[PDB]
Amino acid sequence: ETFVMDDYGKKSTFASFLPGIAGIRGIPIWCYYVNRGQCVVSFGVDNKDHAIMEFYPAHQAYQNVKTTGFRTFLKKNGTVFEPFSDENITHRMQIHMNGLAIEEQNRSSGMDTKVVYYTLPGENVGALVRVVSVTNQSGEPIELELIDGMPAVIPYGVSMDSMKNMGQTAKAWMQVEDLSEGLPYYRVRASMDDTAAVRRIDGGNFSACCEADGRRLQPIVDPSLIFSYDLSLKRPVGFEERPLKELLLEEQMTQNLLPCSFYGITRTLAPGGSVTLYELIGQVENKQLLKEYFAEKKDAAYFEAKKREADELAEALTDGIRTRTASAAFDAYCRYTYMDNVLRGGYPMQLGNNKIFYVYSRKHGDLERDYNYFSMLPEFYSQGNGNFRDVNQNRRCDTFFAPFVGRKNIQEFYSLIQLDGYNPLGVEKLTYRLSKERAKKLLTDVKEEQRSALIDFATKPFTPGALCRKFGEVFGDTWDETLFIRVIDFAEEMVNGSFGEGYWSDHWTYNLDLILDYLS
Amino acid sequence: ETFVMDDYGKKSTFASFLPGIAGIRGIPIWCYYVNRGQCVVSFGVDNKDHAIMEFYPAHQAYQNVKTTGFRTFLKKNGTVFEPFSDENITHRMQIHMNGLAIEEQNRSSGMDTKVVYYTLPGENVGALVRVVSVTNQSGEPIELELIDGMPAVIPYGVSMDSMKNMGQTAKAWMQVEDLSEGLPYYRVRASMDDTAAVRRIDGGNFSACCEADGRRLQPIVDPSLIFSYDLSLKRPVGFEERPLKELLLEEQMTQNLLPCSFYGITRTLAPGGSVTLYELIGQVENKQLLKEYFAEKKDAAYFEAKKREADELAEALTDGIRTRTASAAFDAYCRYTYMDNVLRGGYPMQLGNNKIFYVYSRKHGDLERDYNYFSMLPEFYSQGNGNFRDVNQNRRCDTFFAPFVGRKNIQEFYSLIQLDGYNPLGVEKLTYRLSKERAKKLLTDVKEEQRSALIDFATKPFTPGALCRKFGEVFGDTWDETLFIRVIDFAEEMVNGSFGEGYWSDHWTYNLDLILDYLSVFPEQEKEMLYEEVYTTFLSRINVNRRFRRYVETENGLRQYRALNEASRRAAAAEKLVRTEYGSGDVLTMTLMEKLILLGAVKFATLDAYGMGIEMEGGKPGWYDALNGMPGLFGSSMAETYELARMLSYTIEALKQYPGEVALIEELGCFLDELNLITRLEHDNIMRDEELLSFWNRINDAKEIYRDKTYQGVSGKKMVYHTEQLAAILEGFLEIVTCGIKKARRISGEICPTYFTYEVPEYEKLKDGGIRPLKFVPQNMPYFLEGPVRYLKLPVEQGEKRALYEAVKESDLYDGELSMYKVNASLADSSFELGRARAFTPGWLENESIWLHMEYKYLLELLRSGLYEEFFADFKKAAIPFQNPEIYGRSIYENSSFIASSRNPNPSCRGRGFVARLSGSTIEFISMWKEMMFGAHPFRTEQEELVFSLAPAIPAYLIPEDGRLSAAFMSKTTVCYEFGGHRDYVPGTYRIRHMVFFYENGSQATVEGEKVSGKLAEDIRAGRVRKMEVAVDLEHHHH
């Protein structure tokens, strides 16, 4: 079910990505990875302009992952080792449908490093979960100083163009907040685009790390503490020269810099012992959401449950094509192909009682499709736009796997045929609107101000995720899901055609396939 | 003369660049360098879209130079060493004015590596020369395999945006050619921008390396041969695993990759022996140029001669400011500052016989000024565009160093003043055009097809470099330079104004400086300068909106958000001059006095409601860019008021000095008469009232009538005035301005203000849609240094100036820890609508930092006002050449835009200059140097004859041990002072015993006195005296 590549650092380069599935009630994120270093080179929330780790094309991703990607430094009795930096050391990569794990077995240092990645599922905060475990495989106790994290966190409000073109000038707006609280908040001081209606920026990237207990560790946000004069981020000169405890007592620069996110522990590991760090990196729209999310302690059990949920998401998504043949690779390929087709074209589901909704779709782009400006919607019931041809083809066999779809795809893709035989290029996200009278009838059992808020929200086009977010905002923490289901049921589905740029001569040729599959 | 930084890899980071001087007949290139690795991080030819090594901002440049910069790998008996990769190894950097050299002395490996950079001078191919020498310093012979070069050469045709955004996809177009020939050609297979007229791409980047013999080495263009699986380019796995000879036999991939450029040699070095590689990396427009350039072998002697030429270029460029004092750092700083000022504003030169051309200028940008899209023209006689303010200031002292310039700058920068008092933002490159008949007359002695080619080329606008390129193309290899000179002489100089983006309120304030410098060098031609009718007028591309139309309603109250009238906008590429008969007649011509009167009238009409500041009605702030939100808050600048008072006083003195008749255009005459009537009516109200709404309304109504009448066109009929009437009118204006200044100082405090912000709580809507303000509430602004700087120029009492100096020194504008002056006080409690300055931390960029330009302006004003002791002390405690390089963070011969002040949150960053060496402080230092060395007025006109005298102001710490201080006078004459003793030589505290003149012809003349007049003075100004020996306060130096 999992693909294992040994010594991937010496193999041919390839680019890939986590599927970005956060569940029906989660916030998906985009995370691209390559087979070099600690393998993760770029991840954000919405698009290239909301990246936490800077987006690079495939060539630059291969060239920079060992520097701008996740780093880990182990100090064993004075000397510093960097896992996943020397390809001559035995390393390994395990690829899941919705996860990624790497290992290194350094016999010289007697320490084993394991890093597990997965997108955080089923939460109102989109984040990447990184679990780092270091095991003392030597026969003697060692005094380990462990530091790991990310050397360049892009503050919220810095666009990709701003980085790539004027990083030096854009450093003037970057800052960090809440170092003492253990939840660093990475955002610009003010809107970098002048002549903006709102000068204040509320959103922010965050990081949080803890051991199995759950108490957050003190962050390191100034890369000069670790790397000192080495701006190339190749060797941690400061970490080598000084103990970790002294580093945590330094006055870190929280302004006029491209901040890092590093956390450290000091431990004496018995022979066979290990230390595990649970690190969360994500983005929120305001500090209130971040405080609400961390109102409950996130211990090791929480992260293990979230990892199991992340695996089960892909498992249940691909269970519709489960196959057992003479080739295990064939079955794994079947499941993976179904998941990729879902990512490109969406996964049908019954939203309410009389609606068909396609979830997990997104306008795709990756390190190799660098020309595409991808945009994955950061909300519940996530969905995205798509080209006519791609969405038309990817939904060819939806009726076979989801009989409740019926003729919806045929109607959708023949209603887009213009009178002259051509069609719009773009297929918009599913949006819904509720009429005034029906909305008033539905909201009779609601409090007056809440009724008014839902009236003004639901009479304009909205997505189901936006509606659920509004429900949460206007009801606090507990409400009635049946109200949401009823609003969806009695809402009206908008038309979802956007012209685009031109008229291709082949788009109409894929509708007969939909007709034939439905007739099959 | 050179700055040496040891172990620069461990020092604080700084960004810099080679000046990009290729000579008058060379192709300049841009090359930026940092103090990490092999130090060179980006270089190309024209702009960021024609880079050979990818351009990075300063942060990315620091982070990537050790990887994407030049690399060198030494294999000594099997093991591989990489010089300039470990900071613990002793390394060194030497910085020249037009060169860069780095060294590494690895005792462990016993090998010394030396790399020398310099731009290739005096060739029709722009390239970077890189010389790498490895010396075997061990006591035993070693078998050395050397590989060096660049791991990522950007192929020609790949834009910077293409790289940064879609490098992976753009790799599909990249390819290399001519590997066997030894001249790899890096270009795209076809135009990457689809729907292009020409699919084929002819230009290409190239590299070529050779030993001292000159035979080109076999290149390595596939980085996978050297680095193997390591795409991070950190360690050369392939080079370690295999010998160099086997690598050169591999089949290199020349397509679908980002190619490298590496060359290798295998050698057995005797103890003390060395191997040198001469590597050329550049760009050409076609393979024919590359083949022609390499038609002759380039041996070691060629590269040594080119390096000497590159050094001599900067040497001869800066020889005009050569100085010998007690501080060698001071002299090096003088030369470097002059070179930087030339880079920013251009170097004057005599092109032909009757033309003045500015060479080496360019629209500047660097690793720290990453927002600027720089563009250096890749041709002979290189030049570039520039902003009005920067070019205006940088040419302040051109007449002193280049007397042949004369009044050209004054005419150029007053002809750019529009009828409404504003000006275009951009100053275009000098272009020339030749008429049909003159071109036919010139080309009579030319072959028919060559004559036709030159006719069709020269009848359209061209630059001198383009003309020389065309001459070369159409004549082969040999031709007649006199033909080029004659075509330049008989060509017509085009108008060089480009509108830009907006109207700043301070651009006009720098022209009086040009006038004053010209009068300092040629004092006897003031009347001729004033009454010379050669001043044209730029045609406005957009008109300032009426005040009732500039005001809009917002949530926070009334705002000024519609300064420009978009309905009146005209075509950018159209007629550029105001023509008589409402745009149908001849080009309107005006005298300098008319321009001064127009500026005075318009700026007086631009007073604010309280009659204190000059409104930023143009939609742009003053000299302070980071306050872009000030015009929206009804901002007014007191600095413009001080400059207006100074200009009015100068015009009054000029009118009284040379009485006669002055002709003003009819519209300006009517406007001036209306303003005079308004002042006579409102004088009583101005003297007693606090708010002056009625005066403001009448003034703005007259100004709007004049602006809207002149914008549509001017007939050209001129009214005639006596100098007495204009003197009375401008004296009334100056009296009102002086009362406004007094009121502002009264309501501000112990320090004169700089800006005023007004809030309008009561306004009335109009039927036509405009909004009429009814009450202005002034808001105090934080103290800025520019206020006192402009104020010190006014003719006020000396005691008041000293009191202002003390108040500034004891205020928040003075950084006690750094002993420097900050650009502004704290902005913390000010409004957040002011602009970018509110989004910056204190002590960073233009926010409460030591902005070097304004600090040098303040020091210059202290020097000019006679505060000699204070000027000496503050100059010693604040000048760049006297800084500590450990704290300053870069070479003390180079300037910076700002120094992080004591309020900067980073203790390490305090006292450290950050942005590159092209600040505006260069011209300020040049003015200070000239004032100190020769006094305010070296030439004076007494009894209608030229009189020459020297009044130096030299502090004790500049006088050498022997007491002989020398400086260059007008870039040709050497003045060798000799001082009796070590002390501060304040003017009036000494006397010139005698001066001795050494003529160029060898004859000597000695004058026993302090002043000369007549023939001696004329010879001094004409450059016919080689050297002057001046004895100060004594016959000889006495310890």
Side-chain angles (χ1 to χ4, degrees), chain B residues 2 15-34 38-48 50-53 55 69-70 93-102 115-132 150 153-154 205-209 261 277-285 289-290 293 298 302-318 335-336 339-340 342-344 346-347 359-367 374-384 465 894 916-918:
Chain B
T2 74
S16 176
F17 49 84
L18 294 180
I21 303 303
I24 201 57
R25 298 290 261 259
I27 307 303
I29 71 171
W30 53 270
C31 176
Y32 305 108
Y33 69 87
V34 305
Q38 297 209 22
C39 292
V40 169
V41 70
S42 301
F43 69 99
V45 161
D46 195 0
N47 47 16
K48 301 176 179 180
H50 293 63
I52 310 174
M53 189 179 295
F55 178 86
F70 286 104
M93 173 170 58
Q94 299 185 359
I95 305 178
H96 289 71
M97 287 186 299
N98 192 17
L100 178 64
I102 60 177
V115 182
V116 180
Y117 299 98
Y118 63 90
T119 297
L120 178 62
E123 293 291 347
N124 51 334
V125 170
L128 166 70
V129 185
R130 163 185 169 86
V131 181
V132 180
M150 158 171 32
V153 183
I154 307 302
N205 300 332
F206 70 94
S207 67
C209 181
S261 173
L277 264 56
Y278 299 89
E279 188 170 352
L280 261 174
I281 308 97
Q283 166 186 134
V284 296
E285 290 293 344
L289 292 175
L290 187 58
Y293 179 73
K298 308 300 181 181
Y302 171 83
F303 290 106
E304 294 173 0
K306 283 306 179 179
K307 171 180 169 56
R308 280 185 280 103
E309 175 182 351
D311 289 333
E312 290 183 18
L313 276 179
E315 186 82 356
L317 186 65
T318 60
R335 279 184 175 268
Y336 228 106
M339 183 182 63
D340 290 333
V342 157
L343 295 185
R344 191 153 192 78
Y347 176 74
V359 74
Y360 301 141
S361 60
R362 84 288 307 273
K363 180 180 175 56
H364 180 66
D366 57 72
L367 312 178
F374 61 85
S375 176
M376 172 157 43
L377 197 50
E379 63 182 33
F380 297 165
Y381 302 87
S382 183
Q383 52 171 354
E894 306 175 346
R917 60 200 186 189
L918 252 62

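Residue numbers start from 1 in every chain, and the chains themselves are labelled A, B, ... in the order their sequence lines are given, proteins ahead of strands.
Using a 4.5 Å heavy-atom threshold, the side chains of B:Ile281 and B:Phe43 count as touching. In this structure, the side chains of B:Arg308 and B:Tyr118 stay at 4.5 Å or more apart for every pair of heavy atoms. Side-chain atoms of B:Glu894 and B:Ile95, non-hydrogen and from C-beta on, do get closer than 4.5 Å to each other. Contact annotation: the side chain of B:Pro28 never approaches that of B:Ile21 to less than 4.5 Å [non-hydrogen atoms, C-beta and beyond]. Counting heavy atoms from C-beta on, the side chains of B:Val129 and B:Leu280 come closer than 4.5 Å. B:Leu18 places a side-chain heavy atom less than 4.5 Å from the side chain of B:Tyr33. B:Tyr381 has its side chain within reach of B:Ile24: a pair of non-hydrogen atoms, C-beta onward, lies under 4.5 Å apart.
Of all the heavy atoms in B:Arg335 and B:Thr318, the pair that sits closest is NH1-OG1, 2.7 Å. Residues B:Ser261 and B:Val153 come closest through the heavy atom pair CB-CG2, 3.6 Å. Considering every non-hydrogen atom in both B:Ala101 and B:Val116, the closest pair reads CB-CG2, 4.2 Å. Scanning both residues, B:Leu343 and B:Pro19, for their nearest heavy atoms gives CD2-O, 3.5 Å. Considering all non-hydrogen atoms of both residues, B:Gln283 and B:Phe206 come closest at N-CE2, 3.3 Å. The heavy-atom pair separating B:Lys298 from B:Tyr293 by the smallest distance is CE-O, 3.2 Å.
Judged purely by atom type and a 3.5 angstrom limit, B:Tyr347 has no side-chain atom pairing as donor or acceptor with the backbone of B:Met339. Distance alone, capped at 3.5 Å, is enough to place a donor-acceptor pair between the B:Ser382 side chain and the B:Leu377 backbone. The backbone N or O of B:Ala310 lies less than 3.5 Å from a partner atom in the side chain of B:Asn98, making a donor-acceptor pair. Under a 3.5 Å cut-off, the side chain of B:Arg362 and the backbone N or O of B:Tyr360 do form a donor-acceptor pair. No donor-acceptor pair under 3.5 Å is formed between the side chain of B:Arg130 and the backbone N or O of B:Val115. Side chain of B:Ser361 to main chain of B:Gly384: a donor-acceptor pair is present (N/O by atom type, distance under 3.5 Å, no hydrogens or angles).
Taking the six-membered ring where the residue is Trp, B:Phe374 and B:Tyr32 present perpendicular rings, their angle passing 60° and hence far from 30°.
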Show me the side-chain donor-acceptor pairs of residues 119-128 of chain B shorter than 3.5 Å, one per line, residues at least two apart or across chains.
unit_1   : atom_1 : unit_2   : atom_2 : d
B:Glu123 : OE2    : B:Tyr302 : OH     : 3.3
B:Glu123 : OE2    : B:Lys306 : NZ     : 3.3

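Atoms CE and CG, from B:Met376 and B:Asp46 in turn, are 8.5 Å apart once rounded to the nearest 0.5 Å. Rounding to the nearest 0.5 angstrom, the gap separating the NE2 atom in B:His364 from the CH2 atom in B:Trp30 is 12.0 Å. To the nearest 0.5 Å, atoms NE2 (B:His96) and OH (B:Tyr117) are separated by 15.0 Å. In this structure, the separation between CG on B:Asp311 and NZ on B:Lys307 is 4.5 Å, given to the nearest 0.5 Å. Interatomic distance, B:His50 NE2 to B:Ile154 CD1, rounded to the nearest 0.5 Å: 13.0 Å.
Both the sub-6.0 Å distance and the 45° axial angle are satisfied by B:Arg917 relative to the ring of B:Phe17.
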Does the pair B:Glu304 and B:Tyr278 meet the rule for a side-chain contact (heavy atoms from CB on, under 4.5 Å), with working shown?
-> CA-CA 10 Å; B:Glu304 294 173 0; B:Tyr278 299 89; 4.1 Å; yes

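Remark: of the listed residues B:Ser16, B:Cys39, B:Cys31, B:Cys39 is the sole one forming a side-chain contact (heavy atoms from CB on, under 4.5 Å) with B:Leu100.
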